[PDB]
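To start, the structure itself, in structure tokens.
Counting starts at 1 for both ligands and their atoms, following the listed order. In what follows, chains carry the letters A, B, and so on, assigned in the order in which the sequence lines appear, proteins first and then strands, with residues in each chain numbered from 1.
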Amino acid sequence: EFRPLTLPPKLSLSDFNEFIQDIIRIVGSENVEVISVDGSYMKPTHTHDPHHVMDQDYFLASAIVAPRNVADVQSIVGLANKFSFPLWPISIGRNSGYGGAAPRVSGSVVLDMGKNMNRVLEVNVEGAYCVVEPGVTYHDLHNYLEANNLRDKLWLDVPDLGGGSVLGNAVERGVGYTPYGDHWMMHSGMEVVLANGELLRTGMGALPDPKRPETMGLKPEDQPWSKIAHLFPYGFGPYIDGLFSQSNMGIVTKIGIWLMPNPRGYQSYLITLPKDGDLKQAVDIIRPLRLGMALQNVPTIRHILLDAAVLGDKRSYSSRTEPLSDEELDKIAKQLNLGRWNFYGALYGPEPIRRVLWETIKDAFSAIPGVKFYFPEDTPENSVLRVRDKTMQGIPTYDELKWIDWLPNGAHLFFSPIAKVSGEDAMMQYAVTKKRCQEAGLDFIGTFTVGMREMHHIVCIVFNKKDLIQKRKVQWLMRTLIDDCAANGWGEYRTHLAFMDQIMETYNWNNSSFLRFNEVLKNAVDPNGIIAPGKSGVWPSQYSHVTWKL
Amino acid sequence: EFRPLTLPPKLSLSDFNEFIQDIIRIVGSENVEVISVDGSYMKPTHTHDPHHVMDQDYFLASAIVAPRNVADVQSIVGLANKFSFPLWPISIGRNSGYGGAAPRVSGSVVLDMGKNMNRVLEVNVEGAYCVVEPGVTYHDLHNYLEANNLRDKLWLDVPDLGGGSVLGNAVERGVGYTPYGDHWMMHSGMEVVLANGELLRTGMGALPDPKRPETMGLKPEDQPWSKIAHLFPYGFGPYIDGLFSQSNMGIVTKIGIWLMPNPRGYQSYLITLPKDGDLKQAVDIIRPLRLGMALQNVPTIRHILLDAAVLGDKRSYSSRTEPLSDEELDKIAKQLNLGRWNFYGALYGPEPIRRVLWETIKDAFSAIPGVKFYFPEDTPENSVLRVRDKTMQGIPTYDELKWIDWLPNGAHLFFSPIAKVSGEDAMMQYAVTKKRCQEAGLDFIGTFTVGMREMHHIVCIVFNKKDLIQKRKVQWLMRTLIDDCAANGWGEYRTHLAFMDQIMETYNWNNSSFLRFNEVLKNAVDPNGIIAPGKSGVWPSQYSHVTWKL
Amino acid sequence: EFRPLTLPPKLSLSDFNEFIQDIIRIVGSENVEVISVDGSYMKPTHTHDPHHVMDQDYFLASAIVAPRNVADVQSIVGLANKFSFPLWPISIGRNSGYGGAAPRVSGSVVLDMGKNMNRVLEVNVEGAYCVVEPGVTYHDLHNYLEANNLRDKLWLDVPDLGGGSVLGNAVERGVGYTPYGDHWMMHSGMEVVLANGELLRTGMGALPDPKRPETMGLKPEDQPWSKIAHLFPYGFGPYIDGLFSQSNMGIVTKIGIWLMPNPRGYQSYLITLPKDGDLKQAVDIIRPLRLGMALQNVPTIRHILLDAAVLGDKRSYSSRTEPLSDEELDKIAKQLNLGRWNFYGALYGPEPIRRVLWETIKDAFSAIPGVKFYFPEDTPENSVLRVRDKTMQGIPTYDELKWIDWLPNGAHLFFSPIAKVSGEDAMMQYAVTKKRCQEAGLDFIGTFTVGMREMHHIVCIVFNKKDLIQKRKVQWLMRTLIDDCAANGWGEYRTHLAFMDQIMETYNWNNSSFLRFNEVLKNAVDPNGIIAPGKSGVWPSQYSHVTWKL
Ligand SMILES: *Cc1cc2c(cc1C)nc1c(=O)[nH]c(=O)nc-1n2C[C@H](O)[C@H](O)[C@H](O)COP(=O)(O)OP(=O)(O)OC[C@H]1O[C@@H](n2cnc3c(N)ncnc32)[C@H](O)[C@@H]1O
Ligand SMILES: *Cc1cc2c(cc1C)nc1c(=O)[nH]c(=O)nc-1n2C[C@H](O)[C@H](O)[C@H](O)COP(=O)(O)OP(=O)(O)OC[C@H]1O[C@@H](n2cnc3c(N)ncnc32)[C@H](O)[C@@H]1O
Ligand SMILES: *Cc1cc2c(cc1C)nc1c(=O)[nH]c(=O)nc-1n2C[C@H](O)[C@H](O)[C@H](O)COP(=O)(O)OP(=O)(O)OC[C@H]1O[C@@H](n2cnc3c(N)ncnc32)[C@H](O)[C@@H]1O
Ligand SMILES: [Cl-]
Ligand SMILES: [Cl-]
Ligand SMILES: [Cl-]
């Protein structure tokens, strides 16, 4: 194809067209779309940010390219190094809230790995693991287990939604709710295409499977893996796998992600916290039970607007452009039979043990007045515990999407600071953030996910993607929240295309020692800067901080 | 000081002497000893391998240098880059079995970080963590907790011996026995001196603590850390902390290692497996209970000679140069009231729960004939369960050292392959190894440590460091075992100075993609090759594979 | 000399000693002092900061070297480029409040240009200018005019104190009180030794004086200048003279600074502003009279503590460690017959014109209640108007030093933000700063100097250089004030050795475009980084931001 709306840096039109042609020849006309509107969580867009904060085509691809297999990826990379064309690799592109399929650098080629590279490569029962390609979404993994009847032996671990890529999420260091929630910490042996085009397999993935007739002559991409590949992440020597998470270090072709065997028992529940101020004691409560294991999976403490929101649009709670007052929340909270702050968790294993865990949990939370316990049964058909019920057992849903719906053309943007598991610290953070959401004229909506000795505070910024004034308040809110929290000793864990530089600038101990070490490693392996420049604020030297940052 | 026995590559004598003098001026005459015999686990040697396989001075330092604080380290590194002098950083030097304090490259300066850099920087109770300097050994950490009465709130996690460095062990990706056994996976935020001399703090360690009077003007080495430093290892962006384990990437000045709160209950035990062949069913038994959590800490399956050995010298079991026969083992096993294979584990938490866990464990192992359960009580004063009892609760010992004593001038050397948690695979591996120990004329002695979906097979090679013929059989055994296991799809997790190249050559999938990626990263950050060249077989380009490997 | 306390980067001791010897041979043993306490405004120290905020020897010289003439400077620079020794050029070293004689980089050689290079090169009456060497202080210039009877034709322009260098002050873009106060804007044609060692003369200084017998064969340093050198700063082409102010671009050997002819009339005065809040209207008052010229020189608006302070130690006003309250100020103000805010100015020229100017000024200030006008006559012998009287006519003093005396071992540190000439903006700034001085436990003391369309807010931080706790509060105050003002759209005009990086980081529009442009220019001309690295936060590339900034 002929003439894009946007060309990558320094590339002439003829060069775009030459590269472009070589590629049609590699992948098929069908595997490429040059770009001369947003879409659906259901039929996601690859060209840009659908939940866009900046201008719609602000971050935009020059062309979309679908590798049919690992070889193509090696081919595109060779060509990208020839022309100095930057690549923006995505698995599924559902990173909405963080940018979606959009590239940090506009005019880049978007590589949707997931279209043709969809395979469940293996589900190992004794080893209790699966091996996967980017196109493998969570629902897909589920359906794979169902139709192969694996449901009874092994459980999945899902984030709030069903359409994400098991792989991409893991690279982002994503999170889910079972005891296997730390996604990234669950991986073992992965394969990546380096910037040079060469294939690499990490850990025990480097120890080659022994030779045999059946396996002779297969392309490396195609070789089976050694016995320990997916059971011990370390392998031998420097443990380099992390340079692959939230980095521009390579293209991930496959990965092993550990699976939880059916636990022999499961009980999910809700505990409503009546007062806004209760977040305080609840957190001090959650603290020792988490370190101690009465608390198993990653439990979550939700704010009322989030459940109110899965339930209905702002408009069906109040016709007020303004943010709802603290009294209107208490009202909604009551109508819903929920609290100010809502706690979801789940029990795992023999009833005899669940029994004892629950007696302990139920007892600790009791120091909180007006506290109330429920089981899915004990609640309505449209309840959130009902949904999260499936969620805490590895079963995929999409009901949570309706929360994005609070506003007319709602779009989400995530502020994702981390806080200690201290009522005090959590209260402090909620304050700082809440206040600012206010000055911006927005309802504060959020949830803290309970790590073992840390918490992920996911502030859900919802806004009308069609309101310039607002969209502008959102960029002001963000950058401000970012500075305020850092001022308080807290930094974000993951972020959107537009705040990467800002957030990385936050991580400045000792004159930016961290970005600098990072820069040195990226230039070594990506001398031509072709793979995702700017990601996490890491820039190839070919990219000017003056021209590039934001 | 004047004239070493061995000079690093290409350095003239005058240069040695100049560098050497600059350094006395930096650290004090007292912090340095130029080298113009082996010693004790109790008073370890810094100059070379005490448990030496090769010739005694085979791997040897030119001088020993003790930095008084992080600044010195920055100073020595600047000087080392001036003269191109290689550094060999050690915390405590107890890596006997792997080389001890000895440097891969002889003539290097040995840096004992641990002498002056001994401090417990912090023990955080709410956060359930400690922050440490290299000189901090395990006993020391223990005594620190005792004398500050912290014993009742938090538990340590120790490897078999008490003298190691909490830090150094962790970098090596060492292992211990409580539920917090994966040492490395327990760290959060560490500080390292890069090859360039610049300071770096990982993860949330990069998010700087906010400013305040009390903290103004302190050297960076000296600044407190942000609130989340030690509670969430990830921070933001590429997770680079692993380039710091078993690598030549930097000098570790400090590290945060997570602590287990007193569990409210603990019960340790032993289960004797009568037949040599029982390893098979036991492993298939251990398998689902480990994935499921009836098995908590890292349990261990020991071979009889190991307990026989903590108990007494080969000489007090039999005067036979030859290896003891399979019948003599069954005899020793009986005299000791132990099995062929011995299983140690421990229970944690409320009796009500331990109760249920133990009923399940006790019941599974019963399909094994002649099986027998014991509690420390149920056994003698000199028993191993008695020792491991302290061990599985974080309490430090040294009784296990006597096993090194099997032979007259016993020295240990570790073959450390990894095997699946399959009776079949474990049996296969034990075979291959056992056979070879035989052809070498040596008693096979070993233990498998139970990971969750993998096992660490620690083969304990004991030999007389004073017997040339033998020492030679040992090098033959090793290199052979190394090739045989790889041929079987298994590779080692950690190794001695002398087998690093060999072992790394094993990890060759796709034309050595792994060592090559590694090499590229090291040259970038260590353009002058000054930090530990050759470690894990990773060589700076200034170092010739032809001249350097083994 | 033998062995310094501190060596510059990467220099060996022998190298220090070699360089050092070459230099004794160039300048005389007498012109050099190697350093193997603070001193006096009267006998200033060249080795470090006397008014030190950080640790005393924090910023410190390796050796002090006194060039006897421009050739030596060319010689030292050649040697400094040989060894890569950094130079820290000072004229007189009275930059106390900003660091004094101390070098940004410790171990640098301090060059006191002023000792041997003291000459008044010319005082041109028709052209109304003087030409000078660094050692030429203000008193000296005065005495030069007196003893050559030039007092009646031309007037000097002095800052608050008499000991500064006319030259050094100008480079710093210093300020004084007559109509010729913008020191830097008063210069024409200067001479500098480039980093390469070559001599340069700016503007019309490049147009060579025509040839003649009398002038034949003189060294260039020694050649007279063309007729227009000191009368039109521009010359022809790029006007590069500014790369010489507050920069590391070169060593200034001489400079032409324009002189004000005796005006034919002079009247100085004071106007007391009764209320703290009066700063507001007064500034709105000063505004149009300044743009219009009823206001001539640079008038100053002082805070009461400053006059109180020239008058007496905190101790003789109150024994209170705490800061004096707003009521105690009103008291002091009354005892002194002064206001809350005090305004000093001076009239110039024919009485007939002064007459009209004064009627206008006197009339505008009258909208302020309790306002009062005075002439030196109308006030006491120890008054500040009495001192500033000489000051506003170019006559040098030192009475103002006593203000440094507020505290026991008082030391000053200047926060020097700039504010609009708006009551509103000035009030806002005073607020922000005042508040912080409070949280630090310090009396706020300051003065705004009236530029024509801007004001220099000189906040005078006085502290006890011998109090660690305090010294620490001072560093906290500073860095905080720095961030707060920038947050308010205001940045500092000049600063201390310790806040240069911080302040430059403030000037970040468009990804730091400014420091970057600057860096590019410095490396070009100072490829070896030998001249003042770090000044104004500008670092040679040989200097690591990670190792260097603060
Ligand atoms: C809107 C929303 C989002 C959301 C959520 C709830 C709602 C209402 N709940 C989340 C949760 O509970 N946990 C979580 O981790 N994320 C949550 N999200 C955000 C988002 O939906 C998920 O993170 C989602 O799984 C991510 O989108 P997807 O999985 O489709 O990933 P992607 O768009 O392909 O992007 C991945 C990013 O990582 C890098 N990447 C991706 N693929 C590769 C390959 N092959 N190689 C190298 N890097 C890769 C890129 O940086 C890409 O941008
Ligand atoms: C003889 C023996 C050994 C042993 C054991 C039982 C016996 C009888 N049981 C072990 C166990 O249960 N678990 C385990 O991990 N190791 C076991 N060992 C082996 C050994 O004793 C321990 O691993 C011991 O803790 C290690 O010795 P030490 O802790 O003193 O470490 P070191 O000699 O200082 O060496 C550490 C190596 O790692 C790198 N290193 C060390 N310090 C630094 C710093 N500051 N910066 C960067 N790298 C560092 C070096 O490569 C050094 O060689
Ligand atoms: C304590 C104090 C200070 C003060 C003041 C009142 C008090 C109580 N009032 C001031 C005023 O009204 N106006 C003003 O400009 N400054 C005021 N100060 C501060 C200080 O005393 C003066 O600025 C003083 O004139 C500066 O000290 P000095 O004149 O001795 O300068 P120096 O120490 O030599 O430093 C000059 C700096 O500029 C660069 N420099 C100096 N010489 C050279 C040469 N030859 N070549 C290149 N650069 C040069 C250096 O950066 C040096 O640090
Ligand atoms: Cl999701
Ligand atoms: Cl040990
Ligand atoms: Cl002055």
Extract all N/O-N/O pairs under 3.5 Å that connect ligand 2 to the protein, and present each with both atom names and the distance rounded to 0.1 Å.
| residue | atom | partner | partner atom | Å |
| --- | --- | --- | --- | --- |
| ligand 2 | 9 (N) | B/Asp160 | OD2 | 3.4 |
| ligand 2 | 12 (O) | B/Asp160 | N | 3.1 |
| ligand 2 | 12 (O) | B/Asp160 | OD2 | 3.4 |
| ligand 2 | 12 (O) | B/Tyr177 | OH | 2.4 |
| ligand 2 | 13 (N) | B/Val175 | O | 3.0 |
| ligand 2 | 15 (O) | B/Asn169 | ND2 | 3.1 |
| ligand 2 | 15 (O) | B/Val175 | N | 3.1 |
| ligand 2 | 15 (O) | B/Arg494 | NH2 | 2.7 |
| ligand 2 | 16 (N) | B/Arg494 | NH2 | 3.4 |
| ligand 2 | 21 (O) | B/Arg94 | O | 3.2 |
| ligand 2 | 23 (O) | B/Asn169 | ND2 | 3.3 |
| ligand 2 | 23 (O) | B/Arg494 | NH1 | 3.0 |
| ligand 2 | 23 (O) | B/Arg494 | NH2 | 3.1 |
| ligand 2 | 25 (O) | B/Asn169 | ND2 | 2.9 |
| ligand 2 | 27 (O) | B/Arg94 | O | 3.0 |
| ligand 2 | 27 (O) | B/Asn95 | N | 3.0 |
| ligand 2 | 29 (O) | B/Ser165 | N | 3.2 |
| ligand 2 | 30 (O) | B/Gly93 | N | 3.2 |
| ligand 2 | 30 (O) | B/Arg94 | N | 2.5 |
| ligand 2 | 33 (O) | B/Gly93 | N | 2.8 |
| ligand 2 | 33 (O) | B/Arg94 | N | 3.0 |
| ligand 2 | 33 (O) | B/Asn95 | N | 3.1 |
| ligand 2 | 34 (O) | B/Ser91 | N | 2.7 |
| ligand 2 | 34 (O) | B/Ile92 | N | 3.0 |
| ligand 2 | 34 (O) | B/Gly93 | N | 2.9 |
| ligand 2 | 42 (N) | B/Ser91 | N | 3.3 |
| ligand 2 | 42 (N) | B/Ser91 | OG | 2.8 |
| ligand 2 | 45 (N) | B/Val252 | O | 3.0 |
| ligand 2 | 46 (N) | B/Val252 | N | 2.9 |
| ligand 2 | 51 (O) | B/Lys535 | NZ | 3.4 |

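Under the salt bridge (charged side-chain N to carboxylate O under 4.0 Å, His left out) rule, B/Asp160 has a single partner from B/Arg388, B/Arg94, B/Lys390, which is B/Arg388.
Take A/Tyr239 and apply the ring pair (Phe, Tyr, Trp, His ring centres under 6.0 Å) test, not counting sequence neighbours, and it matches A/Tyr234. Every residue was checked against the side chain to side chain donor-acceptor pair (under 3.5 Å) condition with B/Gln74, not counting sequence neighbours, and none meets it. Residues passing the ring pair (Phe, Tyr, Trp, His ring centres under 6.0 Å) test with B/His52: none are found, sequence neighbours excluded.
Centroid-to-centroid, the aromatic rings of C/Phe448 and C/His457 come within less than 6.0 Å.
The aromatic rings of B/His456 and A/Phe232 sit perpendicular to each other, their planes meeting at more than 60°, with 30° as the lower class boundary.
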